Amino acid sequence: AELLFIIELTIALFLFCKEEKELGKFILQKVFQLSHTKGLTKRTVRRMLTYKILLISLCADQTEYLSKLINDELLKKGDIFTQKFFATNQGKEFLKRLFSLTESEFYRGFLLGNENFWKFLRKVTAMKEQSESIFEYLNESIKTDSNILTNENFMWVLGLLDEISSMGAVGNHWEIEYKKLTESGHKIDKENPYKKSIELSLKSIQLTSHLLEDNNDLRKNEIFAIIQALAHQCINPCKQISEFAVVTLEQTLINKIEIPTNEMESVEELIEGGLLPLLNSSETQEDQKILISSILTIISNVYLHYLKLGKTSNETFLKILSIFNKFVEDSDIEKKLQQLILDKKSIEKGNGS
């Protein structure tokens, strides 16, 4: 109790204090040393944790203490950072303080390239009632110009959005159960007590789609990563997420895409990047067949859309034919091939005539 009282009193007086040369440095060192003591309790360490993050916010420089806080406190100990603790009224405050730190003029360069911190955000994302706050923080960070978009801090954030869609996927398993539940069609619905989760997933997919537009250029490996993320979102069995993922994939491919002999100069590149997850994961599931049918339909549609504009190299058509040869027999790939070759003939007749 005395430790808590002294810490609160000194923090309050520092709040009343005005930009001392190192006084704040001394305060931070003392609070860190007091935190690293032995024994203590759960509430005590939690209160000193929030006091520590408040002090870090109040100070500007000295990133090393913040790095130690992130690493040791967030990643190592879990007996004090229960998943419910972040869900209490103080967990939201702590997360808000952390994110508001992430946008400060100081404490930004280290906070961006801070792999352990993004892993902590990954852990926080896998939570029922703390997901929407993280999603909102990511949404506002994306809306702000540049920010997260860097040479690094792309694969991790894409994985974070993928984990949001994975929460959507557990909702999709719920929806798989509810599909059979609603197949009767005899009783009053009162159904889907998960519009929060479903709409969160839809907004996540939209956020990824808009993220494909950000920064206006890239090394095309992260563009392939965006395509991969959209494909993995489309793998989701439930009809709602699958449908919105298909629609978003089609829209992103047709528009908001750069293929004017730019850094990336081959539609072959985009089709190969799209196909790699589809070919590698082919024949790995019972639903993999219908997934292949759907994604090949998407591929045919995007190929037709690209054919509509100015382009050449029907060797891309040869390559998709090779894909269909990798998907021989069954006759559904065969009938889709007949339909798409008819469509290609119609498009070529329309442009030539």
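As documented in the archive entry, the model was determined using cryo-EM at 3.7 Å resolution.

Visitor: Hey, could you run me through the overall build of the protein chain in this one?
Guide: Broken down by element type, the protein chain carries 16 helices and zero strands. On C-alpha atoms alone, the protein chain measures out to a radius of gyration of 26 Å, which is more than a quarter above the 20 Å that the 2.2 N^0.38 rule sets for 353 residues. Each of the 353 residues in the protein chain was classed as buried or not, and the buried ones make up 42%. Partitioning the intrachain contacts of the protein chain with sequence separation of at least 6 by distance along the chain shows that 73% fall at a separation of at least 24. Summed over all atoms, the accessible surface of the protein chain reaches about 20,500 Å², with 56% contributed by carbon and sulfur. Separation of charge centres in the protein chain, based on 44 positive and 50 negative side chains, amounts to 6 Å.

Visitor: What is the right way to read helix 12 (residues 239–254) from this model?
Guide: Residue pairs spaced three or four apart in an α-helix point in one direction, given the helix's 3.6 residues per turn. The first and last C-alpha atoms of helix 12 sit 22 Å apart over 16 residues, in line with the 22 Å expected at 1.5 Å per residue. For helix 12, every residue scored as buried is listed here: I241, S242, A245, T248, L249, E250, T252, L253 and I254. Those residues of helix 12 that are buried lie in contact with helix 9 (155–182), helix 10 (195–211), helix 11 (221–234), helix 13 (267–280) and helix 14 (288–308). Immediately downstream of helix 12, the backbone of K256 shows phi near 75°, a positive value.

Visitor: Please explain the pattern of salt bridges as it appears in this structure.
Guide: A pair can form between side chains of opposite charge whenever their charged atoms are brought close. Applying the stated criterion to the full structure yields nine salt bridges. Ionic pairing is found between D79 and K42, a salt bridge with its closest N-O pair at 3.3 Å. Of this pair, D79 sits in the loop between helix 4 (63–76) and helix 5 (89–102) while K42 sits in helix 3 (residues 42–58), and the two are 37 residues apart along the sequence. Residue classification places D79 among the exposed positions, given a relative accessible area of 52%.

Conventions adopted
- Residues numbered from 1 in each chain as written, not as in the entry; some residues may be left out.
- Part of a larger assembly, values for the part shown.
- Heavy atoms only, no water.
- Helix = DSSP H or I, 4+ residues; strand = E, 2+ residues; numbered from the N terminus.
- Rg over C-alpha atoms; globule rule 2.2 N^0.38 Å.
- Buried < 20%, exposed > 50% of the residue type's maximum accessible area, 1.4 Å probe, protein only.
- Contact = heavy atoms within 4.5 Å.
- Areas by Shrake-Rupley, 256 points an atom, 1.4 Å probe, with all protein chains shown as cover.
- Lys, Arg positive; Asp, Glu negative; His and termini not counted.
- Charge placed at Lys NZ, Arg CZ, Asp CG, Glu CD.
- Expected span 1.5 Å × (residues − 1).
- Salt bridge = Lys/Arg side-chain N within 4 Å of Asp/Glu carboxyl O.

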